[PDB]
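*Asks:* Protein chains in written order, with UniProt numbering: chain A, 51 to 100; chain B, 245 to 366; chain C, 245 to 366. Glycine included, every Cβ here is placed at the ideal spot set by N, Cα and C.
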Amino acid sequence: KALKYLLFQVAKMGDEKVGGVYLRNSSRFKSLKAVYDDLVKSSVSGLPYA
Amino acid sequence: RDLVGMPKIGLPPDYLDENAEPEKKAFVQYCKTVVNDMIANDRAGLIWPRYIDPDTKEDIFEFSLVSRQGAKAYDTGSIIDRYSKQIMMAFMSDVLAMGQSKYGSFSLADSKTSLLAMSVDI
Amino acid sequence: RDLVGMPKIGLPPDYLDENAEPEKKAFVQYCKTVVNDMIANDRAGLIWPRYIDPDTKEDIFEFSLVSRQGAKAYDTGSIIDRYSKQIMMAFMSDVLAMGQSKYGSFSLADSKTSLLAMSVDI
C-alpha cells in the first residue's frame, strides 16, 4: 500500500530553487516507475488455466 | 494434437494471484466459464475490455485464436496407400481392392485362372 | 521427426531455477502438466498471463506453435514408385501390378504367351 502511495507522492513534486540551493526532481519518477513495474508489477502469482 | 484455432485469453499477471480482489477473482471465474462453454451458435458474441497502454501501444487484454505458420512436410495418405498396396501384392490378392475382373477366373479347369487360385492349387 | 505444430512455452529464466519460490515451482509444474495432457477437445482453451515490457515492447511470456519456412526439395513417393517399377521390370513380372490382361496368356501351347511363361519354359 505504501509503495503505491509513494508513487503518487513522487510524481507530484518538481524542481525548485531558493537562493543558493537548487533541487531537481523531474527525473525521479522515471527511475522509480522503471524499477516498480520490473520488480513488482511483473511478478506473477497463482496458476494459469488449461 | 492439431491445436490450430483454439481460443486464448491474455490477462495482466495480477489477475491470476490468489490474494487478488474479489472483482478479479470473479473476472477469472467468468473467463474460465467462457473458455469451457463457448461454442459456435446463433448468439455467439463477445464484450471485452480494451485498453491500449500509452507508452507501449499494445493492448493489455487480448482474445485471439492460436495460429500456425508452416504445413506438414509429408502426405501420410499416399504413403499409407502405397504400403497397403505393397502388402496386397505380396499375397497376389489384389482382387480384394480391384474387384473380380472378367479376365480372371477362380476355376482351375478354366483357361483364365488367377495366381491366387494357382497357388491354392499348390 | 516432422515437428511442425508442437506447442512451445517461453518463461523468464528465473522461473526455471531450483531455489525459486513455491509459486514459480507450482507454475512450472502446471505448465508441464498442460504440455503433457493438452489435446484437441470441445473444452480446449487457455488463460495465460500477458505483460509487455515498457522498454522492449515484447511479451515476456508466450504460447505458440513452432513454425517452419521451407518445403522438402524432393518428392520421395515418385522416386520410390519409379524404383519399384524398375525392380518389377527386371524379372519381366509386371503382371503383378497391371493384373492379367486379356492380350497375354500363361499357356505355352497358346499363341499369346507372355515373357514370364517363356522364361519359365527355359
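Quick one: which residues of the segment 286-298 of chain C get their C-beta closer than 9 Å to a C-beta of chain A? List them in chain order.
*Replies:* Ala288, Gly289, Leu290, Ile291, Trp292, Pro293, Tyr295, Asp297, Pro298
*Asks:* What residue range does the beta strand (DSSP E) around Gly254 of chain C cover?
*Replies:* 251-254
*Asks:* Measuring CA to CA, which of B:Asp286, B:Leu309, B:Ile283 is closest to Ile291 of chain C?
*Replies:* B:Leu309
*Asks:* Strictly below 7 Å CB to CB, what residues from chain A border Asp261 of chain B?
*Replies:* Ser95, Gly96
*Asks:* Taking the CB atoms as reference points, tell me whether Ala315 of chain C and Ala317 of chain B lie closer together than 8 Å.
*Replies:* yes
*Asks:* If contact is defined by three or more beta carbon pairs under 8 Å, each pair taking one atom from either stretch, is the segment 290-306 of chain C in contact with the segment 256-274 of chain B?
*Replies:* yes
*Asks:* When DSSP labels each residue in this structure, what does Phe335 of chain C get in the three-state scheme?
*Replies:* Looking at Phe335 of chain C - three-state DSSP - the assignment turns out to be coil, as it is neither helix nor strand.
*Asks:* Any idea what DSSP makes of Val279 of chain B, helix, strand or coil?
*Replies:* helix
*Asks:* With a cut-off of 8 Å, does the C-beta of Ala353 of chain B fall near any C-beta of chain C?
*Replies:* no
*Asks:* Just the Cα atoms here: how many angstroms apart are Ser95 of chain A and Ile283 of chain B?
*Replies:* 30 Å
*Asks:* Given that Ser92 of chain A touches chain B, what residues does it touch there, using C-beta distances under 8 Å?
*Replies:* Chain-ordered, the chain B residues with CB closer than 8 Å to the CB of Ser92 of chain A read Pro257.
*Asks:* Listing by chain order, which chain A residues have their CB less than 7 Å from the CB of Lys276 of chain B?
*Replies:* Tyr99, listed in chain order.
*Asks:* Taking a contact to mean a Cβ-Cβ separation below 8 Å, would you say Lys252 of chain B touches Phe307 of chain C in this structure?
*Replies:* yes
*Asks:* According to DSSP, is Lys51 of chain A part of a helix, a strand, or is it coil?
*Replies:* coil
*Asks:* Return no unless some Cβ of chain C is closer than 8 Å to the Cβ of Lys252 of chain B.
*Replies:* yes
*Asks:* Could you say which of B:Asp299, B:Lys301, B:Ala264, B:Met250 lies nearest to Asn280 of chain B if we only look at CA atoms?
*Replies:* B:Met250
*Asks:* Check for me: the alpha helix (DSSP H) holding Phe79 of chain A runs from which residue to which?
*Replies:* 78-86
*Asks:* Alpha carbon to alpha carbon, what distance is there between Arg326 of chain B and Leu352 of chain C?
*Replies:* Their backbone Cα atoms lie some 34 Å apart in a straight line.
*Asks:* If you draw a straight line from the alpha carbon of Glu302 of chain C to that of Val71 of chain A, how long is it in whole angstroms?
*Replies:* 43 Å
*Asks:* Output yes or no for whether 8 Å exceeds the beta carbon distance between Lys276 of chain B and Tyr99 of chain A.
*Replies:* yes
*Asks:* Name the one or two DSSP bridge partners that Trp292 of chain C has.
*Replies:* B:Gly254
*Asks:* If you count every other CB in all the chains shown that lies within 10 Å of the CB of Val90 of chain A, and 16 or more means buried, which is it?
*Replies:* Counting C-beta atoms within 10 angstroms of its own C-beta, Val90 of chain A has fewer than 16 neighbours from the protein chains shown and is therefore classed as exposed.
*Asks:* So what does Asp303 of chain B bridge to, in DSSP terms?
*Replies:* B:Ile296
*Asks:* Taking 8 Å as the threshold (C-beta atoms), are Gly64 of chain A and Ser81 of chain A in contact?
*Replies:* no
*Asks:* Please confirm whether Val364 of chain B has its beta-carbon closer than 8 Å to some beta-carbon of chain C.
*Replies:* no
*Asks:* Taking a contact to mean a Cβ-Cβ separation below 8 Å, would you say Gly343 of chain C touches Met342 of chain B in this structure?
*Replies:* yes
*Asks:* If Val248 of chain C sits next to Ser311 of chain C, beta carbons under 8 Å apart, how far is it from one beta carbon to the other, in whole angstroms?
*Replies:* Confirmed, Cβ separation roughly 7 Å.
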